[PDB]
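Beneath this line is the structure, given in structure tokens, with notes to follow.
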Amino acid sequence: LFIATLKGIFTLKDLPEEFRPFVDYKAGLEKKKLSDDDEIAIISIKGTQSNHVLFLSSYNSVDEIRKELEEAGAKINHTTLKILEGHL
């Protein structure tokens, strides 16, 4: 009885903790690259029928990065993909 917030961690090629990779396509959508550093994070929120796939360029370990995500997870809603233009 709440906002089912899902947060799947996608690390390297083994990111498909479930089974088959769903983003792997983005890595091969144009000979991107298959490195063991690739890092992705997808978060859904009963958004009609989907979620928000983000690209974790460089993740260290500081609230700065923690806040950003949580923000694009169930916080303020983006309607101008501005953030991506400022950090994506």
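A note on labels: chains of the structure tokens are A, B, ... as shown, every chain counts residues from 1, and ligands are counted from 1 in their shown order.
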
Counting only C-alpha atoms, what is within 9 Å of residue A:35, bar same-chain residues fewer than 2 positions away, as number ranges by chain?
A: 12-13, 33, 37-38

Q) Which polymer residues have any atom within 9 Å of an atom of residue A:72, counting only C-alpha atoms, with same-chain residues fewer than 4 positions away left out, as a count of residues only? A) 8

- Using DSSP on the backbone coordinates, identify the residues of chain A assigned to strand (DSSP E or B); present them as an NGL selection string. :A and (6-11 or 39-44 or 51-55)

How about saving the chosen residues, C-alpha atoms kept, as a PDB file, in the first residue's frame?
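part-v4.pdb, freshly written:
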ATOM      1  CA  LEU A   6      12.523  -0.508  -7.201  1.00  0.00           C
ATOM      2  CA  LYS A   7      16.292  -0.059  -7.450  1.00  0.00           C
ATOM      3  CA  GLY A   8      18.260  -2.517  -9.559  1.00  0.00           C
ATOM      4  CA  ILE A   9      22.051  -2.331  -9.481  1.00  0.00           C
ATOM      5  CA  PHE A  10      23.787  -2.874 -12.821  1.00  0.00           C
ATOM      6  CA  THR A  11      27.520  -3.562 -12.551  1.00  0.00           C
ATOM      7  CA  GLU A  39      28.074   0.797 -14.293  1.00  0.00           C
ATOM      8  CA  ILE A  40      24.341   1.433 -14.637  1.00  0.00           C
ATOM      9  CA  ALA A  41      21.415   2.005 -12.276  1.00  0.00           C
ATOM     10  CA  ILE A  42      17.708   1.814 -13.105  1.00  0.00           C
ATOM     11  CA  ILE A  43      14.904   2.922 -10.787  1.00  0.00           C
ATOM     12  CA  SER A  44      11.157   2.608 -11.351  1.00  0.00           C
ATOM     13  CA  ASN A  51      11.338   3.565 -15.151  1.00  0.00           C
ATOM     14  CA  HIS A  52      14.375   5.835 -15.466  1.00  0.00           C
ATOM     15  CA  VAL A  53      17.610   4.349 -16.802  1.00  0.00           C
ATOM     16  CA  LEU A  54      20.663   6.365 -15.761  1.00  0.00           C
ATOM     17  CA  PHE A  55      24.326   5.948 -16.694  1.00  0.00           C
TER      18      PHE A  55
END

Would you please give, as a ChimeraX atom specification, all residues of chain A that DSSP assigns to helix (DSSP H, G or I) based on the backbone? /A:24-28,63-74,82-87

Calculated over only C-alpha atoms, which of the candidates A:70, A:83, A:28, A:47 has the smallest distance to residue A:4?
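For residue A:4, the nearest of the given residues is A:47.
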
task: Compare A:74, A:14, A:82, A:20 by their minimum atom-to-atom distance to residue A:34, counting only C-alpha atoms, and give me the closest one.
output: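 Of A:74, A:14, A:82, A:20, the one nearest residue A:34 is A:14, counting only C-alpha atoms.
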